[PDB]
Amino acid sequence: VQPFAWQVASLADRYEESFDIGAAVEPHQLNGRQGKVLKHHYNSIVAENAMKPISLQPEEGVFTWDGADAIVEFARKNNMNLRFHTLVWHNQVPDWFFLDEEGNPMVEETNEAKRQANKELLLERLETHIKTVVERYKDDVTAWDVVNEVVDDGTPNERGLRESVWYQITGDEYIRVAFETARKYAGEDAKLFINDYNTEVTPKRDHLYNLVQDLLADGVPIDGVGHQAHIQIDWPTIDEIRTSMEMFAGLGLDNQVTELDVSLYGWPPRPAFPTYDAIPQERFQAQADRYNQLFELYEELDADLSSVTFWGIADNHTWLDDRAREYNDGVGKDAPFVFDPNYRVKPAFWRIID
């Protein structure tokens, strides 16, 4: 039986010369056993859901700040840094954004002059949203996910841009405007990130690289790349992760690991173990080895890596469970962290604290 997280060495203290150690949180997790773990180990947090666009402006002019504010207050109370996730995404984003003045979806418009008017209207809505949120949180936020997941996994166009509703209506302009507007209101010292998953694998990595270089060439203010790092035990390789970070560092950009979890399964995540107890020890040991290697790499690259955030706290709450259940007939349990569901340490904890 392993000791509780609050009886072992602080991970934030361990990594204080190298990078922040962060966790994704929900407002209901800032008390009790999760609050205890968070205060002991982490010096950074991010909102899992409460700061996404639909969570902040669910209808036009109506802002819902309470969940977000609760997360900011916790960060402030405990001297934590704060990532803002996220100003722009194609999911968890309110429908009203993309309706024209008559109330119909902008993608349905065919008349060229009305499409141009719709584009202008959407970019204006984007600016007001960004302005309002940034004005509220600029003094608390230490890194912004300005845009999230705007690069595609395939090659639908030559630039590899995701053809979401944002792209369909504005092309790449929404990305430009998001960074320009964030810089404008948050000030020159705000750290502006483009965040994405599979930043380690081609062709996506190269599309992202090319995007960043294009935008930099046009003077668009991008300070860093967010590597979601939703990874597996054997995939991606240590070298693929290294090469990605080194590429972006080479452009003068900061790297952050933003949503790290180490799944016990492949993609798709099957076969999955039906419960936490059914998970065999080898999986935790294999995961410990993986975590060791990751964090040695992270330390090696610490001149170009400022923060490492896990997409959760302990194994009792992870979006990876939803995924497991989805490909295993409604039953499955993943275990991605260094703390187990009872907040006791796992083998991976020892292997990254040493």
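Start at 1 and count along the sequence shown; that's the residue number.
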Quick one: say whether 301 to 309 or 317 to 325 has the higher mean Cα B-factor in the deposited entry. 317 to 325
Looking at the deposited entry, does 132 to 140 or 94 to 102 carry the larger mean Cα B-factor? 94 to 102
With respect to the C-alpha temperature factors reported in the PDB entry, which of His227, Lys114, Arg83, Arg162 ranks highest? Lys114
For the listed residues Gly22, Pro341, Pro336, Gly330, which one has the largest C-alpha B-factor as given in the deposited model? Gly330
Splitting the chain's C-alpha B-factors into thirds, which one does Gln281 fall into? highest
Hey, what third does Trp166 fall into on Cα B-factor, ranked over its chain? middle
Place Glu120 in the lowest, middle or highest third of its chain's C-alpha B-factors, as listed in the PDB entry. highest
Based on the entry's values, in what third of the chain does the Cα temperature factor of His28 lie: lowest, middle or highest? highest
Assigned third (lowest, middle, highest) for the C-alpha B factor of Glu59: highest
